[PDB]
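One structure is given here, and the rest of the page talks about it.
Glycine also receives a Cβ, built like all others from the backbone with ideal geometry; neighbour counts cover every protein chain displayed. Coordinate-derived values only; no laboratory data.
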Amino acid sequence: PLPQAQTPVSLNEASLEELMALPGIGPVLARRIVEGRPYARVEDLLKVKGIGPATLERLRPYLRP
Ligand SMILES: [Cl-]
C-alpha cells in the first residue's frame, strides 16, 4: 500500500522499500532503479532493464525525478 503522503515518489531519492511500493516494482527492479541513478527525467527509467513502456505508462502518475 503506497501511502498518499509519499507520492509522487522520487526516482532519485526514494529508498528501496519506497520504490517497492510502486505498482509492478519488485526487489529486483527497485535495485536496478537505484543503481541507474541519477535520472534527469522520468523517461530515463527506460534505461533500466525490465521496465518496458507499459510498465512505465502505469507508473508515470506516481513518479518525479
Ligand atoms: Cl520528469
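Annotation: of all residues in the range 12-27 being away from the ligand (no atom under 16 Å from the Cβ) and in contact (Cβ under 8 Å) with a residue 24 or more places away in the chain, the one that is surrounded by the fewest Cβ atoms within 10 Å (Cβ to Cβ) is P23.
Considering each residue of the range 51-65 in turn, none proves to be small (G, A, S), in a loop (DSSP other than H, G, I, E, B) and under 11 Å from the mean Cα position of the chain (by Cα). Among the residues of the range 1-27, those identified as of a type in the set (A, V, I, L, M) and part of a loop (DSSP other than H, G, I, E, B) are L2, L11, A14, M20, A21, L22, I25. Any residue at all in the range 28-48 that's in contact with a strand residue (DSSP E or B) (Cβ under 8 Å, 6 or more places away or on another chain), free of Cβ contacts under 8 Å to residues at least 60 places away in the same chain, acidic (D, E) and not in a strand (DSSP E or B)? The answer is no; no qualifying residue exists. Hey, among the residues in the range 16-65 that are touching a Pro at 6+ places or on another chain (Cβ under 9 Å) and among the small types (G, A, S), which one's farthest from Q4 (Cα to Cα)? The selected residue is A40.
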